[PDB]
Each structure stands twice: as structure tokens, then as C-alpha cells.
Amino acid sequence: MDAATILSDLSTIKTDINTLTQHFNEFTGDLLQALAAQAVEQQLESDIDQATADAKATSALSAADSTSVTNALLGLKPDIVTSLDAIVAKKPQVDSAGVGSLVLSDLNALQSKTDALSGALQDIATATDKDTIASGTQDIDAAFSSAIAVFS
């Protein structure tokens, strides 16, 4: 509903991602581990959708708020790349657990939901910040495409 809400929403997303990465780095193929990570992944999906809804409810951002939201979104990029790298690194464990289709389903959902979030933030950012967001989102989308290719 306002810029502070969107920033808080983006921080929650950041926390979710870093928690997932921790799960990935511990994954041994065990299905209970997979269940635990999927719960976090589903929380992440919900949190991204919440951010999108809050952004859709928000008026054209001041210059300072636009910078804040742009930097918070772009600040997710290395966390996303790190997280995607971490699950890719565990492809053998994913294959042995037989849960590749779940990873793939999750990746496609997350890409869709993240793209929607970026679109909504572009809509309320300054003209310059929109371009910056779009550019960073291209990079996030590239990273998703690579992970999807690995898991399909």
C-alpha cells in the first residue's frame, strides 16, 4: 500500500531466498529434506505474490522511494543467482530423490511470479529506475532460464 510496505515485503523475500539456499546446500536426496525446502519455497511464492499485490496498490513513487525499491529489487539478483546455483549443484541429489519435476514446477512458478513483481514495480518507479529494473530483471530471467534448462 506504500513504499515502506513494499520494502518490508522485499526484505521478507530476501530472507526466504537465503533460507532456501541453506536448505539446498544441506540436501542429501532425503525426501523429508525436500518437503522442508518445498514449504519454504511455497512461502517464497506467497511472499512474492504479496509484494506484487502491495505494489499494485501503490501510487507513483517519489524519487527517493523509487531508488529504495529499485535497489532492494536489484539487491535480490545476486541472492537469486546464488540460490539457483545451489539447487543446480544438487541436481544429482534431486535426480536420486526423483523430484526433478517439483524443482521444475517451482522454477517456472517463481519466474512467472518474479516477472509479475518486477512489472508491477516498474509501473510505479521513475522512468529512469524502470529501465534499471527492467535490465536487472533480464538478468534474473536469464538465471531462471539456465536453471530451468538444467532441470528439463
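Just count from 1 along the sequence shown to find any residue number.
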task = Between 21-29 and 128-136, point out the one with the higher average CA B-factor as the PDB entry records it.
result = 128-136
ask   = If you average the CA temperature factors over each stretch, which comes out higher, 96-104 or 118-126?
value = 118-126
remark   = When the entry's CA B-factors for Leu110, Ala57, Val40, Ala89 are compared, the highest one belongs to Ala57
ask   = Based on what the PDB entry reports, which of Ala64, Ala51, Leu44, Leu84 has the top C-alpha B-factor?
value = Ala64
task = Give the position of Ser145 by CA B-factor within its chain, expressed as the lowest, middle or highest third.
result = lowest
